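Just the one chain here, laid out as structure tokens, in the form deposited in one PDB entry.
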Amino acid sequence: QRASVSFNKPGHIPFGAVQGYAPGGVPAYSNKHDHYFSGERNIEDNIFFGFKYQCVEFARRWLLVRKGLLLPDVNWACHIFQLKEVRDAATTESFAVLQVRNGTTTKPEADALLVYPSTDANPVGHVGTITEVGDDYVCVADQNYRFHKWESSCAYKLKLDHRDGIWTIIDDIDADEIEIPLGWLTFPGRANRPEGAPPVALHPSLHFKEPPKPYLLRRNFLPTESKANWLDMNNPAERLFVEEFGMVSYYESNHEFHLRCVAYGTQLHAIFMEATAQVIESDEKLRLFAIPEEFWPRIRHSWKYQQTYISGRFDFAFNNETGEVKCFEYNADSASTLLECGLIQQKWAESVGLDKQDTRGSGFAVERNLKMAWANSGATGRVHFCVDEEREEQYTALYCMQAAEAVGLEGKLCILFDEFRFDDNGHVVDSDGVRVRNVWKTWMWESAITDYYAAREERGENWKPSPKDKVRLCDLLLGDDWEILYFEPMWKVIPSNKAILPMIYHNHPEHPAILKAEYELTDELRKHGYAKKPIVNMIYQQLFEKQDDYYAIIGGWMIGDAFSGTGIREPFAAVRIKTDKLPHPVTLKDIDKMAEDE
């Protein structure tokens, strides 16, 4: 009936899989899906090509293999069009490129970098490689645009229009979204390196140097400008926040700290998902995780049916001396503190004047990634956002709801269960008679399980749902309709259970962020030092080694499948990321931009 959903889209190939080869033997690797950021550098033979696998990464790696020229650092792809100078990889000698505008009498040529402008859904623009030119087409090799396995030596072919001697490359593959590139960069006077030529030997001056150690430093600040009414009371979420909490100190990181969180967060999310699958398929593990046996079929169906999810938050610890990040838990079934990270902390920074050019807020990607999670969640139609009478649950719901609605979903906030009736056929419908199909909720699956059993005593087990009956939590979350999409799905209780911590350590002891953890105390744990943590028996976890006497826990947000930001609790504290200044930016608008924006 209703079809299974997943964040993996048909015919898109996994992250890092080879899509194909541009002429001259340059592989394009999959970046999973658009706007995906891995946090992982691609460094081969001491050359830093870019982030696995963004479009500038391919451009730089292509340019080096094909022509032996090194593309300088540039943050936004569209800014490549203002490039005047690359460097010869072997000599470091400067080499001048030629800017050729699209839509003039100059025909494009093979072995040029094609640059797309910034659009509304592609703020960074795009770069690819023109591999071949015909009388009415150009072939383009790139990364991070199309995710299919290539059938030939390019990702796609673009129309090349010719009218009155004027040549215009038009991207009209997708029907509505017609994009017209800015132009392309040629490398006049530089031949392609020979077939079979030995690899390019980068001059030692141009090798990747060790970036500075991550840092996370507590700062104390006396504001220059301080705004009194810095939240928008016409936004419901912000109004409820001000009603809970009302209208200095903060944390500053560097970009290396942020990247480590993105990389470790993304990698851990996969590790936790892998261990969740092992629990799902084991009866003994389901028992250990205190899933009642009666719900085993329900939770196993959830795991197969719904591989989408909106939010989850790691708890990280960080050591400033060693740069080490460790993970204590994945609060994978929660959205608590999202609004604070995604919005409040930036608006606070602006009010006291911290929104200077030299930093950005650490929850900058949250809003965009939320919209993206909702768009690829599988939820269509009406989504009921279901909360208790707690302001925090309400404003978390409203913030997730704003994102849903921004991508064409229709939201209804439901506080407790008065919005809902059973119709003449035993189904939960709302006050518009619309039958429930999608539920985002703050209600915990454990509370639903408890409500399920209470209702079972109260109502009987011969009980048929009828229109006279009040809808309860267990009818909303654990009803006869197992094809309702739930945000956060039922299986999400598994990665959230600390019983998983020994499993991820057994599976992945090599991972730098993984704490040693066992179900029984081992002499290794006694020697290192341990904490004994209960689970709904015990787990024993290794101990992990204060600024102005403040202990701080870092929250690392997964929003859909994207690591989307950090927030701190000492009590909620703002996190600012100091921006990497480029010494030799290609254009002034590229300063303070971030490759994370792609």
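Definition used throughout: the rigid core is the maximal C-alpha set that superposes within 1.5 Å between two forms. Start at 1 and count along the sequence shown; that's the residue number.
The protein also exists as the form deposited in another entry; that form is not presented, and the subsequent description refers to it.
- When the two forms are superposed on their rigid core between this form and the one not shown, the C-alpha shift of 2 Å or more among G196, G408, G460, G433 belongs solely to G196.
- Core-superposed comparison between this form and the one not shown: the Cα of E293 travels less than 2 Å.
- With the core held fixed, the Cα of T119 is displaced between this form and the one not shown by 2 Å or more.
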